[PDB]
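The chain below stands alone, shown as structure tokens; this is the form solved without the ligand.
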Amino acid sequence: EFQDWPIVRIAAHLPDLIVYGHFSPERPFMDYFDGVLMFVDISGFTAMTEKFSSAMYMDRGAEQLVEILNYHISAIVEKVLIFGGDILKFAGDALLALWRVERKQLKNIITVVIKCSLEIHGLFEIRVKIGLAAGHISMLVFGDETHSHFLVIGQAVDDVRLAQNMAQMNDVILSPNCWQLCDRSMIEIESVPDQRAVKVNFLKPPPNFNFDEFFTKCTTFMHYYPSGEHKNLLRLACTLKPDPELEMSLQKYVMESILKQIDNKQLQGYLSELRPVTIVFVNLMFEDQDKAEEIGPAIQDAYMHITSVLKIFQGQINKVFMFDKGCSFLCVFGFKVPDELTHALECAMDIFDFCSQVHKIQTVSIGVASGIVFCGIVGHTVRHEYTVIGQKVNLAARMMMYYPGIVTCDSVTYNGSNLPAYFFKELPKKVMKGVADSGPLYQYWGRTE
């Protein structure tokens, strides 16, 4: 069976949530369901990135980095897929996986995901941290007529965010509501100081219990688990056949440079690079009260302006995330123009000005950093995404969190701009979660007072 159709190559970049959805054209589009979430933290990715930028790697740092990274990450992807999970998004530091099922089946599926989680630790006993959560989940699709983006929002997402914070290497942390819905007859835990979540230590099954027949029964509730003649496939998406209408909407989720490579109009090795870029990390904060029904329209309206300003200054959206009531856009400049830095700052300020006027948006924060970052396709053959990794990526992320409400930039961006100093204001250097002295940070003030 021939399976190398463009539509299949596009499907590799997307979860089943998008590939087999049937959304309206409306934007925003919301849907709601229940499932289990898995967040896998990889620690080392960013640290090793600066290692591979050394001259020891003789200008093959990027090629070597993506190779060793994909060696580990595709092993994590395989475990997730064979246990029936759907990988939603990759980022330099992590991936998020989803098991969407009927509410009545969450108890059984949590045991599946916990088992999955421990086999993933088994791969590296180079370490990871895993948080799990279960409950209600909302899906947000937004974009314009040629571009689409998605997010999962809700308690379960925030739950998996908190279980994220506590885990150390080799941990598997269950959110409180995941502990309350799980099969406690089977999961031995230990509590977390000043927390309602729990750490998992062992999965002790009843004597009669046989996981493989149990797992096979759970697949009954997994609409898209490969079976029958397709039991040896990792993804049913490998079996997609040409369908112009479906490919039309799927390609909107994928960056045009990726589509070029999918279309064999570009060297397949052209996208793994250690490249100078400017990262513009835009954070849109909402209040605790705000529910998904009100969030989606604000992000849509923010996104509509963001994309038009980015196209003007020649930037792209690399990744969209959301947690802790903040929706963040990882935007990249380069991958290049002579005065990239000035254009990055002016793009930030414009974004800051318009978005701060969208209502339901309580706060806009934007971090800007510039340097060498790894850019590449990360994941497994059947499930992968273009992704940027590097210390400058983490800096822009921590700046927009530690300096809310303003536009911040780093020392590299500050000196390299063609704008004069008084457009900036040097800031008090705060200590941040994994910052080996930033260097001097600045507020982009603007042209006048």
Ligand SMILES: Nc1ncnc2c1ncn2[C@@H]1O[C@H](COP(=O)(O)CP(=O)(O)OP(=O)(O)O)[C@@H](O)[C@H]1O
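Basically, rigid core = biggest C-alpha set you can superpose within 1.5 Å across the two forms. Quick note: we count residues from 1 along the sequence shown, nothing fancier. Residues that one form lacks are left out of the comparison.
Not pictured, yet referred to below: the form deposited with the ligand bound.
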For this session: Mark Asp41 yes when one of its heavy atoms lies within 4.5 Å of a heavy atom of the ligand in the entry with it bound, and no otherwise.
Result: yes
Exercise. Taking 4.5 angstroms as the cut-off for heavy atoms, does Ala62 touch the ligand in the entry with it bound?
Worked result: no
For this session: Tell me, yes or no, whether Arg27 is in contact with the ligand in the entry with it bound, where a contact means a heavy atom of each within 4.5 Å.
Result: no
Problem set entry | is_contact(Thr387, the ligand) in the entry with it bound, heavy atom dist at most 4.5 Å | yes
Exercise. Can you pick the stretch from 85-93, 213-221, 305-313, 355-363 whose heavy atoms fall within 4.5 Å of the ligand in the entry with it bound?
Worked result: 85-93
Exercise. Which residue, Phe286, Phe321, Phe335, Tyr253, has a heavy atom that falls within 4.5 Å of the ligand in the entry with it bound?
Worked result: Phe321
Exercise. What is the one choice in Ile406, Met401, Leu419, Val412 with a heavy atom within 4.5 Å of the ligand in the entry with it bound?
Worked result: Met401
Exercise. Taking heavy atoms and a 4.5 Å limit, what residues of 154-173 are near the ligand in the entry with it bound?
Worked result: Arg161
Exercise. Hey, after the core superposition between this form and the one not shown, which of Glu229, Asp353, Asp243, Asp324 has the C-alpha moving 2 angstroms or more?
Worked result: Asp324
For this session: Please say whether, between this form and the one not shown, the C-alpha of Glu145 moves by 2 Å or more once the core is aligned.
Result: no
For this session: With both forms fitted on the core, give yes or no for whether the Cα of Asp288 moves by 2 angstroms or more between this form and the one not shown.
Result: yes
Problem set entry | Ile153 and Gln289, C-alpha gap in the entry with it bound relative to this structure (3 Å or more) | closer
Exercise. Hey, the CA atoms of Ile153 and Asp290 end up closer or farther in the entry with it bound than in the shown form, with the change being 3 Å or more?
Worked result: closer
Exercise. Superposing on the rigid core, where do three or more consecutive Cα atoms all move 2 Å or more between this form and the one not shown?
Worked result: 1-3, 288-290, 323-325
